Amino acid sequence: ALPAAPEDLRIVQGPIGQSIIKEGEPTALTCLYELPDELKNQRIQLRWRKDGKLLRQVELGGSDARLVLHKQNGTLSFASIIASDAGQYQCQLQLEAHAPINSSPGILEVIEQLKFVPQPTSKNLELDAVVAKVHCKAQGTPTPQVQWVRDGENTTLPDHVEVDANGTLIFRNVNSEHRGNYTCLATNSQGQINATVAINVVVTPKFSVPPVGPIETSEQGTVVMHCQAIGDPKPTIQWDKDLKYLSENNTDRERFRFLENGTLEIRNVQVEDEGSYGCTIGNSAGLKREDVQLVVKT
């Protein structure tokens, strides 16, 4: 129950009753004011509120951003409208220790861009994964309907593929038939947008020929240890000793032979050659390692 503000302090041109603006467009809401000279040194605040919440304020009397409030004329200016700018706006002229002067409210409606939020992207699913999900959400005016189809010659979603009420594409017990290009369509009266994404099915490496040991030999003998892998993408193999990689850069080049088929052959075995040798198999999907003990008998 604060005292009323003086009559010469007033909002001359408040916001328009209703504005409709397209997302991406600039706009501005008005709050032209008259500030009498006998208050120029008082604490006077011009505030803009959105849905009842303070949004911008500037002191009018005593002591590149997208959304700014201009001191001289009270304009709330939007350099570019975004969907969340929609709401009910009101400006206030507030002298310290007095009742605020309230403008009429102004409704700001935004014609939203038809677009995905966010835009679906390509995914790699693990073979035999129990559940895998690909979200699809869009905005627009009105809110668009979202659906999934398969791209290409056969548009039907494979078995154990479904779309839930949120537009989420769901794969159950991922198998090789799930691989393909899948299209999310968002449709309303503004048109239709189409995000097609690659859904690949990958397989972490597995040993087809794992290293097998213990490998026992005598000094000056020759040993071989094997490593071959399968997977999708085609895995690479890498030899280590005690988790330290092995190559020509750190082994005797006339004794250690790294064959193309994954086999490691050690000629003229020495006592120091003993230890734990490992093969790591890897692709873009994952990694595995298996090790073997090399025993050198005196």
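Residues carry their position along the shown sequence, with the first being 1.
According to the entry, the stretch of the deposited sequence that connects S63 to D64 contains 10 or more residues lacking coordinates, which leaves a long gap in the model. Averaged over CA atoms, B-factors in the entry run higher in 205-213 than in the other of 181-189 and 205-213.
Stretch comparison (246-254 versus 50-58) by mean CA B-factor in the PDB entry places 246-254 on top.
In this structure the maximum Cα B-factor among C227, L76, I199, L127 is found at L127. For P144, the recorded CA B-factor ranks within the lowest third of the chain. Only modelled residues enter the ranking. When all modelled residues of the chain are sorted by CA temperature factor, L9 is found within the highest third.
Among the modelled residues of the chain, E162 sits in the middle third by CA temperature factor in this PDB entry.
In the deposited entry, the Cα temperature factor of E112 sits in the bottom third of values across the chain's modelled residues. When all modelled residues of the chain are sorted by CA temperature factor, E260 is found within the highest third.
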